[PDB]
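Read off the chains here:
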Amino acid sequence: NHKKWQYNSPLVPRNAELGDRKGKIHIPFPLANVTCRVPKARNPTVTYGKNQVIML
Amino acid sequence: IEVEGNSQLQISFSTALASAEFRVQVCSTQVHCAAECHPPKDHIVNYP
């Protein structure tokens, strides 16, 4: 059926007659940088000494 | 600070000394201040 294009699949053999003949097509859903909404955190206490800090 | 005549001024000071004896120069005149300073939470300090 020499009347069609197919993805260059490694699971399908190459056409024996034609050489390294190939085309290219744009694809949907490209990877893009966006924003993800999520959450945060907290803290603690503190005692002192000569040139020394102690945290629990 | 703005001066008027026979009045008084209020200032804020920082020290690490428990017994702080210091001189304050307002314009060209010096005044001695005697201060008994109490602990806040222990040695080490959180400001430069």
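Residues numbered from 1 in each chain as written, not as in the entry; some residues may be left out. Chains lettered and ligands numbered in written order. Part of a larger assembly, values for the part shown. Heavy atoms only, no water.

**Notes on the side chain of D42 of chain B**
Here comes step 1: By the element assignment, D42 of chain B lies in the segment after β2 (29-36).
Here comes step 2: Excluding residues within four positions of it along the chain, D42 of chain B makes contact with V46, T47 and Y48 of chain A. (Helix = DSSP H or I, 4+ residues; strand = E, 2+ residues; numbered from the N terminus. Contact = heavy atoms within 4.5 Å.)

**Side note on the packing of aromatic side chains**
Residue and element names in this part refer to chain B.
Here comes step 1: Counted by the stated rule, this structure contains one aromatic pair over all chains.
Here comes step 2: With a centroid separation of 4.6 Å and an interplanar angle of 50 degrees, the aromatic rings of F13 and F22 are classed as tilted.
Here comes step 3: For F13, a relative accessible area of 46% corresponds to the partly exposed category. (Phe/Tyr/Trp six-rings, centres within 6.5 Å; stacked < 30°, edge-to-face > 60°. Buried < 20%, exposed > 50% of the residue type's maximum accessible area, 1.4 Å probe, protein only.)

**Regarding the environment of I54 of chain A**
Here comes step 1: For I54 of chain A, the position within the fold is in strand β2 (residues 52-54).
Here comes step 2: In contact with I54 of chain A, other than residues within four places in its own chain, are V46, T47, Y48 and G49 of chain A.

**Notes on the interface of chain A and chain B**
Here comes step 1: Taken together, the contacts link six residues of chain A with five residues of chain B.
Here comes step 2: In total, chain A and chain B occlude about 410 Å² of area from one another, counting both sides; carbon and sulfur atoms represent 64% of this.
Here comes step 3: Counting every contact that joins chain A to chain B gives zero salt bridges.
Here comes step 4: Seen at the junction of chain A and chain B, the total is one residue pair in polar contact.
Here comes step 5: Per-element tally for the side of chain A that touches chain B: the top contributor is strand β1 (residues 47-49) of chain A, with three residues.
Here comes step 6: Within the side of chain A that touches chain B, the residues separate by chemical class into two nonpolar, four polar and no charged. (Buried area = accessible area lost by both parts, 1.4 Å probe. Salt bridge = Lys/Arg side-chain N within 4 Å of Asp/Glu carboxyl O. Polar contact = N/O pair within 3.5 Å; in protein donor to acceptor, adjacent residues only side chain to side chain. Nonpolar A, V, L, I, M, F, W, Y, C, P; charged D, E, K, R; others polar.)

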